[PDB]
Each structure stands twice: as structure tokens, then as C-alpha cells.
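Chains as they are written, first to last, in full-length UniProt numbering: chain Y, 2 to 51; chain Z, 4 to 112; chain L, 2 to 86; chain S, 2 to 64.
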Amino acid sequence: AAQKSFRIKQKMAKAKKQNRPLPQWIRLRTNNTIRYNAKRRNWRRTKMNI
Amino acid sequence: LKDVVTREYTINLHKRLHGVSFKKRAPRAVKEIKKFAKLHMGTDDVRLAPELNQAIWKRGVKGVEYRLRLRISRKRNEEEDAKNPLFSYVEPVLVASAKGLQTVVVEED
Amino acid sequence: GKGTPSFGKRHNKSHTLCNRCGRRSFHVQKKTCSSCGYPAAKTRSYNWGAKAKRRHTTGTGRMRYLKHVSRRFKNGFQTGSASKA
Amino acid sequence: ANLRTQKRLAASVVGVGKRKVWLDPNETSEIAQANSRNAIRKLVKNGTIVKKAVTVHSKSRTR
RNA sequence: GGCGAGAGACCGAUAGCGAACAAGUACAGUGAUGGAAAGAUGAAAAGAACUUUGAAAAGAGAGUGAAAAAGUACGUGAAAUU
RNA sequence: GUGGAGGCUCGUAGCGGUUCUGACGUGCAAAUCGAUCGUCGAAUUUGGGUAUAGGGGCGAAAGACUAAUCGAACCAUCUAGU
RNA sequence: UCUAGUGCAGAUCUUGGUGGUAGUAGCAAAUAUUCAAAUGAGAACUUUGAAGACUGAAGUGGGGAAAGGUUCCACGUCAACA
RNA sequence: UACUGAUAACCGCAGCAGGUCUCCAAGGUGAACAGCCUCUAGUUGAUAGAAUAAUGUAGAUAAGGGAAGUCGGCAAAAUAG
RNA sequence: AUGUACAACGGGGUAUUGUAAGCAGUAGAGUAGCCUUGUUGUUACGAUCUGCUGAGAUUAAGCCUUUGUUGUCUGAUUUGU
């Protein structure tokens, strides 16, 4: 909520920095087996449980 | 082909709306006016003036006037030529009382 | 209305995060984690929770010191430094 | 085009609601260029936006 | 169990550790706990210049390649079903 | 006349949940919708905090409730139980 | 010659996949939309203007707690979701 | 310390008619933050079009009689300030 | 597919309801005000009433009729003993 705690805000910031796609140069590298991100997280679908 | 004309008509919305739901009287009036113009001018493209829409929606949805006096203008088309070179422009005629009138032709002036 | 509307009434967290395990198991009104046993000294484990051990045990982390322990045993726990042959 | 936020900024600026603010369509390109409240104020000044004639509620019958 | 080495009449991706892959992962649950799926282009990206139709995606040509009856919905490519 | 009591009464919100054994009944919904009804200043309604934990609790007592689970919760193990 | 985790039509079998039903049931609560212009490839729904209506201050208004986490605002933008 | 606070931001597997604490509260009618209408504020959202058969659901009316119906006057009607 | 053609309008008829608006009135419960004081004095308010007014409005959407007005009347597909 608005009146929140710093731990919550810390985890939220980390989540926000996670919530974005792959880099395409990583898609370009050698021996690469990654096509997409699968740790992707959207507030509508799944909650953090914190 | 020809006939870039204007005319003035009269229409009986009462008999064209008799039996109709009270939340659709006016929209059906609009559709019936497009149909009226199609009949009387053989056009498919029919544009109605917002003045006319207001004159229909004046007394509301279920208060549409029994009669209406129209100024139709069969005109030539422009704008990335469509199926038809001709369309119709429907407009009102502010008359005090729209009873006892018969239809007439109207010229460019 | 034991189901849906009650789930609507459901909004106050019984559990929150713990500072020893980070798992959201810290019962506030008891002041205990349901997974590590905080604020107890020991770590909570059971030999019926074999999977739990396997999940929370040694090697699932960085082992910031313990890998180097075996390297150092190999080299015999030596002090000093090299000599530039 | 889309002028939602322009209408909203104008509402807040003038101090009325969006059901009062009026944007003429014949200056749509100008209003879409406009992005900031300063420009909205210029537009109100030059009359491209008007507050609006308030809807009347009369009390003659009651009196 | 831990660390390091070697082997097998063992399993060969619905098998074998739950996990051959960013697996105790995503995900669920208040929580304890639960707990997946998912391997293969080609020797080499040479991963399709250029033209044309189309709003574009794509198509038809062209071309690469031994092979596009290998086109990242990629080895082969069964059946049900179409 | 004054005054303005009451686990008084009519009746809103609010709390509930009688009847239609109505609608829906592969639903809006794993108990809802509509009308009709009960009560509505009190043994009232209710948030937050707090205590009570499984043969245990809590129960103005229905064997009711105890996280869509109760004539003894849920998790794992004993357990590939017989 | 040896050796087995050795032969499936079934087990309301397990996992995955596919169908007919079937272009079907159905997408019907919450009084309600219409005219033109602009954009754009394309407009029943996007934007504007005009009109008609609603919530009708115990409101579909304005602000907050719990919870949610960046949904806030902008620019671009429509393969998937709506 | 933004923002929603809910027929789309919470929980109900979801953009579910459910549920979830609260503050402010205009004019008229009327006893009344009842119901109806309106102003400020906000929405104009819920897949649409054309027809208007049976059957449905929701809503209404019906001569004369007046519970004979039915388990039962269920339901509706009358009553009403 | 150029005619006792068809339609949209208009007019007339038939029906329904019940006497429109507007104007006027020495109609009008009564009440104020005036001064030329009244010898109906007049001006203003005022539910309603009377006349013009069986008037006016509606009247085919599945009513009748038309000597009127204005329009329309060559698009597509298929078929052989």
C-alpha cells in the first residue's frame, strides 16, 4: 500500500527491474538456447506473494 | 448518371414507425430516411445533416414527429471515387407546420 | 457464503517475510517462521521433510567459503606466497 | 487523432470538468501539437477552447 | 552424504535422479508443503540480396545450400483427425 | 398541560435471509439475481489488534464452526499400509 | 549361443494428442443511442463537435485504510489479450 | 508519499451481476441523506443489425362469477399517507 | 419495360377522442389601487366559464378513394426433348 515498508519497496524495485524482455544480442550469441524470457511477471496475472 | 438536382419531400414517420419499440423509434427514423432517399433517388450513399438528426431527436426517442419536410440534394461525388458517382444529402426545412404540403423540385440558386 | 464472498473478505496477511529464509512464512502473532524456525537458534528441519532439506540445504547457495575449503585442503592449508621462478 | 489528455488538462486548468470543456475540431492539429498546460492556456487565450455556458437550473417555479 | 578418480551385458528425453535445457525453476497454496513441461536446422547462417502484388503480415519469383521433400511454426516426420 | 422512558412499535440505510419451494441451474455466481419478508438504538452491526490448535479449541448447542475441508482439519512420513 | 525392465484392444489405466457433437448451445441483467467531420489501408465501438439519455449528493462524484505493485504520465504501436 | 480502492487495478483460477472499512453530501416534491425529477462532477461502458412464430422469463389487463382451484387462498389482487 | 402502371405526397371520405391555439367578452368567487370620487369609475390579480369551435389533432402502418403534384420502370444468374 501507500504506507509501506522499505523491504516491500526494495523487492518491488527489484521486480520492476526484472520485468522486461530479453536482449536481442543475447539472442544472437553463440551456442545460445534462449529464445525468450520465462521469468516474466505481470501484475494482472501473477502476484509476488510478499 | 444525370440529375444533380434538389427536391423537397414530405415523409410520414408515423406510419413508418407504427409498432416500434420506444428505444428505437428515432434510429429507425434515421434508417427509414436513408431508405426513403434510396427509393426516391436510387442512391446508396446518403448523408444526413446533424440539423436533421437533432430535428428527429428533438422530442426525444419516442416523441418523433408524425411528419417531416425534407430537402434532398442528389449530388455528384468526389473523394477517391466509390461504387457510385452520386449520393444524397438530406437536410431539414424549418417550417411552421408541415401538413398540407406536396413535394416540389428545387434548383441551384 | 462460506466460499466466494468470504474469499472477498480475505485481505489480511497472517504471514510475512522472514529475515533468515526469505520465504513469507513469518507468522506475526506468534513471531515464528514456519520454515526455518526463526527466531530460534536452530534451523527447522525434519527427516520426513526430505524434499524440504534438499531444498534448503548446503549447495543451493553460493558456498562463499566452502568450495575454497576443499581447494585449500588440496594445497594443504598453506600460508605465504609464490617466489617468481 | 486523440485529444483525451488535452481535454483533461484543459478541465484542470480552467477549473471545470471535461463535460464543460469544448475543443473545436477545426483546430484539431493545433490542439494535438499542444501537449503542455502552458500551450493549453495560450489556446484558451486565443479562444480555441472555451470554458462553457453553464447548464441552467432555475427556481422560478419554486419561488 | 562430502571431495576427487575409474568403470558397466544399466536408461536412453512419457525411459533414467523430480531436474540431459535459465529445475527444486516457472507455477499453486495463508502456511507447512506441493512441484511441472521443455533436447536435435544445417558441415558452415551461407538465416533468404534484388524485383513484383499487398496497408502490412505474407505470397509469387530470384538466390544460398548437397538438400528448403532442411526456412528458427526448422533432423526424419507415423496414426487418430483433415 | 409539561416531560420524553422503553432489550416499545412503524419504517430507511445497515444486519439478515421467510416465501415465491420464482429466475439461473454445463449460471454472473462451486450458493448468485429479482421481488416478497424479519429486525433496525439494542443480548446491535462492524474494522484493526489480541488469545484460544486437532481427540484439541470455540460453541445463546445445529454435532455447528475451526481457510470452498469436520460424527475429529490440513501437510509430510510410517506407506508401494492390509 | 547368452541375457532381460522382452510382444497389449481393453485396466471409469497413465501422459500427450485428436475428433463427431458443431459453425451448434450460445455471446439477452444493470432504461440508449444517433448525425457529421478527422485520422487510418480499414471505423457500429478510437478522437472531436452537435443532439438525446442516465447515475441524481445513502451518486456511475470527489478523497483514503487493508490489499495490489508502477496499473500512474507520455511517445510509438496492434502478432497475442480486451 | 505516485495510482486504483473497485460491475476492469484487492480476493474469488478471469476484465466474474458476488464480497470488502470509511469521510464530504445541492434544489424541488414530500414527515424524510425514502421513491421521482434536476444542477456541479462523472459516464454514455455491457457484441451488433433485420424480423416480431411457437415456447419461455420479467411485467400488465380482462366481462359474469368470486377459491368452485389447490395439500394448503401458493401466487397476485385489494388495503395503504 | 411507358400505362383505368406503381409508388411517395396532397386532397376528399370513413373512423377515434371530445370543442385546439389565439383573440375577445358589461361572465366570474372575490381582493387591492386610483382619482374626476364615482352615481357600472376604471386599472391590476384571479380557479374557471362563454363565442369564434361536434372544433382542432390523428386517420394505415395489414381502412376506402383519387380528373391533382413529384418521381420511377433493361441489374445479376441459370436452364434444352
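For each residue, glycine too, the CB sits at the ideal point set by N, CA and C.
Here's a check: name, in chain order, each residue in its chain whose Cβ is nearer than 6 Å to the Cβ of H69(L), leaving out the five neighbours to either side. none
With the cut-off set at 7 Å, would you say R25(L) and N50(Y) are in Cβ contact? yes
When you compare the CB positions of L24(S) and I50(S), do they come within less than 7 Å of one another, or not? yes
Taking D84(Z) as the reference, give the member of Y69(Z), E11(Z), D48(Z) with the closest Cα. Of all alpha-carbon atoms in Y69(Z), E11(Z), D48(Z), the one lying nearest the alpha-carbon of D84(Z) is that of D48(Z).
What are the residues of the UniProt zinc finger region "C4-type" (19-37) of chain L that lie near chain Y, defined by any Cβ-Cβ distance shorter than 7 Å? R25
With 7 Å as the threshold, decide whether the Cβ of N50(Y) is near any Cβ in chain L. yes
For the alpha helix (DSSP H) containing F90(Z), list its first residue and its last residue. Careful: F90(Z) lies outside any alpha helix (DSSP H), inside the beta strand (DSSP E) at 89-95.
For the beta strand (DSSP E) containing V108(Z), name the first residue and the last one. Element bounds for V108(Z): 107-109.
Determine the closest residue to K43(L) out of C34(L), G50(L), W49(L), with distance taken between C-alpha atoms. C34(L)
Report the three-state DSSP secondary structure of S100(Z) (helix, strand or coil). coil
Apart from the five residues on each side of it in sequence, which residues of its chain come closer than 7 Å, Cβ to Cβ, to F90(Z)? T46, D48, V49, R50, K78, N80
In terms of DSSP beta bridges, what is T13(Z) paired with? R72(Z)
Neighbourhood of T29(S) by C-beta distance below 6 Å, restricted to the same chain and skipping five residues each side: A2
How would you write the range of the beta strand (DSSP E) that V49(Z) sits in, first residue to last? 49-51
Counterpart residues of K78(Z) in DSSP-defined beta bridges: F90(Z)
Within 10 Å of its beta-carbon, does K14(L) have 16 or more other beta-carbons around it, so buried, or fewer, so exposed? exposed
Local conformation of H69(L) per DSSP, three classes: helix
Taking all protein chains shown into account, do 16 or more other C-beta atoms lie within 10 angstroms of the C-beta of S59(S), making it buried, or fewer, making it exposed? exposed
Looking at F27(L): is its Cβ nearer than 7 Å to the Cβ of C19(L)? yes
Simplified DSSP state of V14(S), which is helix, strand or coil: helix
Straight-line gap, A41(L) to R21(L) (C-alpha atoms, nearest Å): 10 Å
How should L97(Z) be labelled, buried or exposed, when 16 other C-beta atoms within 10 angstroms of its C-beta is the threshold for buried? Residue environment analysis places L97(Z) among the exposed positions, since fewer than 16 neighbouring C-beta atoms fall within 10 angstroms of its C-beta.
Beta-carbon spacing of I59(Z), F39(Z) below 7 Å: no
Start and end of the alpha helix (DSSP H) containing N76(L)? Careful: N76(L) lies outside any alpha helix (DSSP H) and carries neither H nor E.
Interface residues of chain L around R42(Y) at Cβ under 8 Å? Neighbours of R42(Y) on chain L: none; closest Cβ ~16 Å, over 8 Å.
Under 8 Å: do the segment 20-29 of chain Z and the segment 99-108 of chain Z share three or more Cβ pairs, one atom per stretch? no
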